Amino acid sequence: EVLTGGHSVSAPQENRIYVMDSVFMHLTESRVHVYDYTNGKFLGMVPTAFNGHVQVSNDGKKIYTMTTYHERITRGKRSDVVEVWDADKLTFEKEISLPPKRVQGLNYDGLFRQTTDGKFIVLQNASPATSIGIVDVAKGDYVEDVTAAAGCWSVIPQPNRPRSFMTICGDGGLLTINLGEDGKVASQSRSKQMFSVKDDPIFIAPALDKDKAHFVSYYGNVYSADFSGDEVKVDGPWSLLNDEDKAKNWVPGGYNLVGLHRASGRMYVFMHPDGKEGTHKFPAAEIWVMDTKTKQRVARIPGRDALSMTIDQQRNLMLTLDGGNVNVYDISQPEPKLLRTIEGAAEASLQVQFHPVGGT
């Protein structure tokens, strides 16, 4: 026998999920773990140095990471980068230099995104002044710094436009940025106030439809941003809660805590009872399944202490993640069905993502 390298991941792309392990106890050795959701098999990994972030290219061909290096780790010159990795060989291909202000923080989806067309990576900066950085993937260059987004946070791509995204601002409204084919800002707009920052703060995680996004609040309200037009139209609140729910102080909690099943309009939200100030990141006691058309709950299931989730539209799946274990659910019907639990998928993960299958 002879040991060989150069191999590709053993399972098809459509089986793959990406568990971003912060490894917070040893945060300089964060990594992405690649699993087969159909059987729990570990498929490979991508090292991501200090507090890496990850996403898969919308065309499924590449893995993008964002990280920070120093010449001697804890001393020497800082290099913030995006790296492009081959998705099948799990090999490094290209480093893209960033200014030394990429967001260092927990793995919310909206800190490291891409345009719908896949041509631009859109990432959050904090120096601590905030701005949004644009990376041209084909050119391998940082091409734009959206200072218009100062005081805003996170990136919500618009799936109905090729190079448009929104960010949540300090006024409780949304800033929409439309990039040109060069990745520079081509136009922008600002919505009316959607939510009260002080009285009803929203979680940043969107329940994202093709032409609208829903957001849940600290107190269990729901807000929406409809971007079917060039101007975003905002509305809300409606409450996730009925009177019985209110009596037990049910509120949302988690990190990447919501999901939308686009075909049905069902929104999934992690919830826990005995809500009060300071419980917004508590593990799920339940997952609630909301019909966003009727604005009513249709189902509730045990939450398995989950903190983050993600949805695959075309296979009708939901993954949940409690920090270490990944639960796989069939959501083809209103009540989710638990298929399996992948134990020990990470030591400290707050983010799981499916390999994209929908193309660009």
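Start at 1 with the first residue shown and count on from there.
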Higher avg CA temperature factor (289-297 vs 59-67, as deposited) belongs to 289-297
Check the entry's C-alpha temperature factors for 247-255 and 85-93, then say which stretch has the higher mean. 247-255
Among 156, 269, 123, 146 - the residue whose C-alpha B-factor is largest in the record: 146
Among 217, 74, 164, 224, the highest C-alpha B-factor in the PDB entry belongs to 224
By the recorded C-alpha temperature factor, relative to the other modelled residues in its chain, which third is residue 282 in? middle
Which third, lowest, middle or highest, does the CA B-factor of residue 274 fall in along this chain? highest
How does the C-alpha B factor of residue 136 compare with the rest of the chain: lowest, middle or highest third? middle
Within-chain third of residue 332 by Cα B-factor, per the entry: highest
Entry-reported C-alpha B-factor of residue 197 relative to its chain, by third, is highest
